[PDB]
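Peer 1: The sequence shown: position 117 = 186 (mature numbering (1 follows the signal peptide of the UniProt record, and there is no 0)), numbered continuously.
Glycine is no exception: its CB is placed at the ideal position from the N, C-alpha and C atoms.
Here you go, one structure.
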Amino acid sequence: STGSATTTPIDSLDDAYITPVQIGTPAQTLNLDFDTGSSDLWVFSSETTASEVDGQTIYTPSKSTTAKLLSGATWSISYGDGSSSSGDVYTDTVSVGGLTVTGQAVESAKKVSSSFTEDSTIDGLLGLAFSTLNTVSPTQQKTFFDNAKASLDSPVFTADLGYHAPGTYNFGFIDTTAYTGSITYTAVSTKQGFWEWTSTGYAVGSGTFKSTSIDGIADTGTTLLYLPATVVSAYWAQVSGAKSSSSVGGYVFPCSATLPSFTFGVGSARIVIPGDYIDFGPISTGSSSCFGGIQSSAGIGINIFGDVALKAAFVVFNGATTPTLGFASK
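What follows is the structure, encoded as C-alpha cells:
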C-alpha cells in the first residue's frame, strides 16, 4: 500500500503545516501537524476541557463505531517550545492520503496548553519519530508509520514541504518526479528516538563551504533552523544591522535587508536554503525589525533541522531495519 496527502502552511509565514487525517467510522477529518520530532498522535476531542478549545475541530469517539477505549491508558507530553497536552487513549481507524491503519492509538486530549488553544488551525499532532518516544502509559503505543510499515510497498515516508505553498507527505514510495538530481542518503542514530543525523558542514551566501560535523534532528514539527551559536553568528554577521535580541528571543534583522542563502551539507551533497526562506517577518505588527529563521540551538541541547531547512529539500525518512535519511534538491 501507499498514501499521499497534501500538507498546507497554517499562515503566511509557514509557521507550521497541517495535513488532513481521517479518524473513525464514519470518517472525522482533523487537520494534524505531522511531527517527525515526536511520536504521539493526539487530537482535540469531545473530552478536551471546554475553555481550552477555541475553533479547533474535535474528535468525538462516541460517534465512531470503530472507536474503543484503551482501558487504563493515559498520555502526557511536553514539547521543546514549552507547550504540552495530556489525556486518555482510544484505538480507531486512521487514514492518511488513502493509507489506512486499523487499531491506531488516538490520544484524546483532556488538557492542552495555551499555545495549542490559541492556534485554531491545528487540531492535533501526528508523530513520526520513533515509537520509543511515545508517551502512552502503562502500554507504550506505536506511531502511525510504525503501524503501517509492514503493509507499505517500501518502509519509507517522504516530506516535501513548500515555501509559502502547499507540499506533500507520501507513505510507502519515493516520487521520482518530485526532486532534481539524486537523493543523498546519510546515517541515522535512533538512540534518542529522533531522526538524528550529522550534516557535513555549511556555507553562508556565496561564501566557501566549511567542513564540520553538525549533529541534529530532522524535525518537521519545528518551524526554524536551530544550529550552534558559532554557525548562526557567522550567518547573521553577513546581514547589516542584524543582532541577537534577548528581549525578542533571538536574532532580528532590519526588514530592509536582503538575506543571504544558507547551505548545509549532506555527505558530499549540498542543500541551499534561499535567503527569502529565512525571513519570518516583523517581530510585531508594523515593526521594521524582522525575525530570523536561523537561530541558536544553545540551551536547547540539540541542533534542529526544522521546516526552514527541510522545505528546501525533498526528504526521505527511510524506516528500514537500519534507518537512514535522504536529501535531494528540488
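For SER282, which residues from the same chain have a beta carbon less than 6 angstroms from its beta carbon, with the 5 sequence-adjacent residues on both sides left out?
Peer 2: Along the sequence shown, read from residue 1 onward, the residue named residue 282 stands at position 213. Closer than 6 angstroms at the Cβ level, and outside the excluded window around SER282, lie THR267.
Peer 1: For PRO224, count neighbouring C-beta atoms within 10 Å of its own C-beta (all shown protein chains included) and say buried if the count is 16 or more, exposed if not.
Peer 2: Reading the sequence shown from its first residue, position 155 is the one you call residue 224. Per the 10 Å Cβ criterion, buried.
Peer 1: In whole angstroms, what separates the C-alpha of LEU99 from that of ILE191?
Peer 2: Stepping through the sequence shown from its first residue, residue 99 is reached at position 30. Stepping through the sequence shown from its first residue, residue 191 is reached at position 122. Roughly 8 angstroms between the two C-alpha positions.
Peer 1: Taking the alpha helix (DSSP H) that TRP111 falls in, what are its first and last residues?
Peer 2: On the sequence shown, residue 111 is found 42 positions in, with the first residue counted as 1. Not the alpha helix (DSSP H): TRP111 falls in the beta strand (DSSP E), residues 110 to 112.
Peer 1: May I ask you to report which of helix, strand or coil DSSP gives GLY344?
Peer 2: Residue mapping note: residue 344 aligns to position 275 of the sequence shown, counting from 1. Three-state DSSP puts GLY344 in a helix.
Peer 1: Are the Cβ atoms of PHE213 and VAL273 separated by less than 8 angstroms?
Peer 2: Taking the sequence shown and counting its residues from 1, the one referred to as residue 213 is at position 144. Taking the sequence shown and counting its residues from 1, the one referred to as residue 273 is at position 204. Not in contact: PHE213 and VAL273 (Cβ atoms no closer than 8 angstroms).
Peer 1: Quick check on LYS260: buried or exposed, where buried means 16 or more other Cβ atoms within 10 Å of its Cβ?
Peer 2: Reading the sequence shown from its first residue, position 191 is the one you call residue 260. Exposed: under 16 other Cβ atoms inside 10 Å.
Peer 1: Measuring CA to CA, which of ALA338, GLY370, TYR254, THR237 is closest to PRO392?
Peer 2: Your numbering for residue 392 matches position 323 in the sequence shown. The shortest Cα separation from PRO392 among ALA338, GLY370, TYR254, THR237 belongs to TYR254.
Peer 1: Take every Cβ of the segment 134 to 149, pair it with every Cβ of the segment 81 to 88, and state whether three or more of those distances are shorter than 8 angstroms.
Peer 2: Because the criterion of three Cβ pairs below 8 angstroms is not met, the segment 134 to 149 and the segment 81 to 88 do not touch.
Peer 1: Helix, strand or coil for residue 417? Go by DSSP, reduced to three states.
Peer 2: Nothing can be reported for residue 417, as the shown portion of the chain is limited to 70 through 399.
Peer 1: How many Å lie between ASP161 and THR135 at the Cα?
Peer 2: Working through the sequence shown from its first residue, we reach residue 161 at position 92. Working through the sequence shown from its first residue, we reach residue 135 at position 66. Going from the Cα of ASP161 to the Cα of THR135 covers about 6 angstroms.
Peer 1: Is the distance from the Cβ of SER108 to the Cβ of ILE127 below 8 angstroms?
Peer 2: Taking the first residue of the sequence shown as 1, we reach residue 108 at position 39. Taking the first residue of the sequence shown as 1, we reach residue 127 at position 58. Not closer than 8 angstroms, so no.
Peer 1: So what does DSSP say about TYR304, is it helix, strand or coil?
Peer 2: Reading the sequence shown from its first residue, position 235 is the one you call residue 304. The answer is helix: DSSP assigns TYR304 an H, G or I state.
Peer 1: Say whether the segment 291 to 306 touches the segment 235 to 245, bearing in mind that this needs 3 or more beta-carbon pairs closer than 8 angstroms, one atom from each stretch.
Peer 2: The segment 291 to 306 is not in contact with the segment 235 to 245.
Peer 1: Within 10 angstroms of the Cβ of residue 48, are there 16 or more other Cβ atoms? Answer buried if so, exposed if not.
Peer 2: The structure shown does not extend to residue 48, since the chain spans only 70 to 399, so no value can be given for it.
Peer 1: If you measure between the beta carbons of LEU110 and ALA174, is that distance less than 8 angstroms?
Peer 2: One-based indexing of the sequence shown puts residue 110 at position 41. One-based indexing of the sequence shown puts residue 174 at position 105. Yes, the Cβ-Cβ distance between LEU110 and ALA174 is below 8 angstroms.
Peer 1: Specify the secondary structure class of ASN203 as computed by DSSP and reduced to three states.
Peer 2: If you number the sequence shown from 1, residue 203 lands on position 134. DSSP places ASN203 in coil when its eight states are reduced to three.
Peer 1: One question on the structure: do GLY72 and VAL165 come within less than 8 angstroms of each other, judged by their Cβ atoms?
Peer 2: For this step, residue 72 is matched to residue 3 along the sequence shown. For this step, residue 165 is matched to residue 96 along the sequence shown. Yes. Within cutoff.
Peer 1: To which residues of the same chain is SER154 closer than 7 angstroms at the C-beta, ignoring the five residues directly before and after it?
Peer 2: Residue mapping note: residue 154 aligns to position 85 of the sequence shown, counting from 1. The answer, listed in chain order, is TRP111, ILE146, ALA178, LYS180, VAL181, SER182, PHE185.
Peer 1: Can you tell me whether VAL257 is helix, strand or coil according to DSSP?
Peer 2: Your numbering for residue 257 matches position 188 in the sequence shown. Looking at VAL257 - three-state DSSP - the assignment turns out to be coil, as it is neither helix nor strand.
Peer 1: Evaluate the contact criterion for the segment 243 to 254 versus the segment 335 to 344: three or more CB pairs, one atom per stretch, below 8 angstroms.
Peer 2: Cβ pair count under 8 angstroms is three or more, so yes.
Peer 1: Along the chain, where does the beta strand (DSSP E) containing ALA272 start, and where does it finish?
Peer 2: In the sequence shown, counting from the first residue as 1, residue 272 sits at position 203. Counting along the chain, the beta strand (DSSP E) containing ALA272 begins and ends at 265 to 273.
Peer 1: Give me whichever residues DSSP pairs with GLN364 in a beta bridge.
Peer 2: Reading the sequence shown from its first residue, position 295 is the one you call residue 364. DSSP output for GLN364 lists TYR295 as bridge partner(s).
Peer 1: Along the chain, where does the alpha helix (DSSP H) containing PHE331 start, and where does it finish?
Peer 2: Looking up residue 331 in the sequence shown gives position 262. Careful: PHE331 lies outside any alpha helix (DSSP H), inside the beta strand (DSSP E) at 331 to 335.
Peer 1: Evaluate contact between the segment 192 to 211 and the segment 351 to 370, counting only Cβ atoms and requiring at least three cross-stretch pairs below 8 angstroms.
Peer 2: Contact fails: fewer than three Cβ-Cβ distances are below 8 angstroms.
Peer 1: Do you know whose CA, among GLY93, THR327, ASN203, lies nearest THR105's CA?
Peer 2: Position 36 of the sequence shown, counted from the start, is the residue given in the question as residue 105. Comparing Cα positions, the closest option is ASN203.
Peer 1: Name the two residues that bound the continuous beta strand (DSSP E) containing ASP104.
Peer 2: Residue numbering aside, residue 104 sits at position 35 when the sequence shown is read from its first letter. Per DSSP, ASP104 belongs to the beta strand (DSSP E) from 97 to 104.
Peer 1: Can you give the beta carbon distance from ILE347 to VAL377, rounded, assuming they're within the 8 angstroms contact cut?
Peer 2: For the purposes of this step, residue 347 is taken as residue 278 along the sequence shown, with counting starting at 1. For the purposes of this step, residue 377 is taken as residue 308 along the sequence shown, with counting starting at 1. About 6 angstroms; that satisfies the 8 angstroms criterion.
Peer 1: My output table needs one value for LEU394: the three-state DSSP class, helix, strand or coil.
Peer 2: Numbered from 1 along the sequence shown, position 325 holds the residue referred to as residue 394. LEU394: strand per DSSP, three-state reduction.
Peer 1: Tell me whether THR354 is buried or exposed, calling it buried when 16 or more other Cβ atoms sit within 10 Å of its Cβ.
Peer 2: Residue mapping note: residue 354 aligns to position 285 of the sequence shown, counting from 1. Looking at its Cβ environment, which holds fewer than 16 other Cβ atoms inside 10 Å, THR354 is exposed.
Peer 1: Below 8 angstroms on the Cβ atoms is my guess for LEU230 versus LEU379; work out the distance and round it to an integer in Å.
Peer 2: Stepping through the sequence shown from its first residue, residue 230 is reached at position 161. Stepping through the sequence shown from its first residue, residue 379 is reached at position 310. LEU230 to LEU379, Cβ: 6 angstroms. Contact.
Peer 1: Could you tell me the boundaries of the beta strand (DSSP E) in which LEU328 lies?
Peer 2: Start at 1 with the first residue of the sequence shown, and residue 328 comes out as number 259. From DSSP, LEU328 is part of no beta strand (DSSP E); its letter is neither H nor E.
Peer 1: In chain order, which beta strand (DSSP E) runs of at least 3 residues are fully inside the segment 131 to 188?
Peer 2: Listed in chain order, the complete beta strand (DSSP E) runs (minimum 3 residues) inside the segment 131 to 188 are 137 to 147, 153 to 165, 168 to 181.
Peer 1: Just mark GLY319 as buried or exposed, buried being the case when its beta carbon has 16 or more other beta carbons within 10 Å.
Peer 2: Here residue 319 refers to the residue found at position 250 when the sequence shown is read from its first residue. Classification of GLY319: buried, given that the 10 Å Cβ count is 16 or more.
Peer 1: Which of the three DSSP states, helix, strand or coil, is assigned to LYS312?
Peer 2: By one-based count along the sequence shown, residue 312 stands at place 243. Strand.
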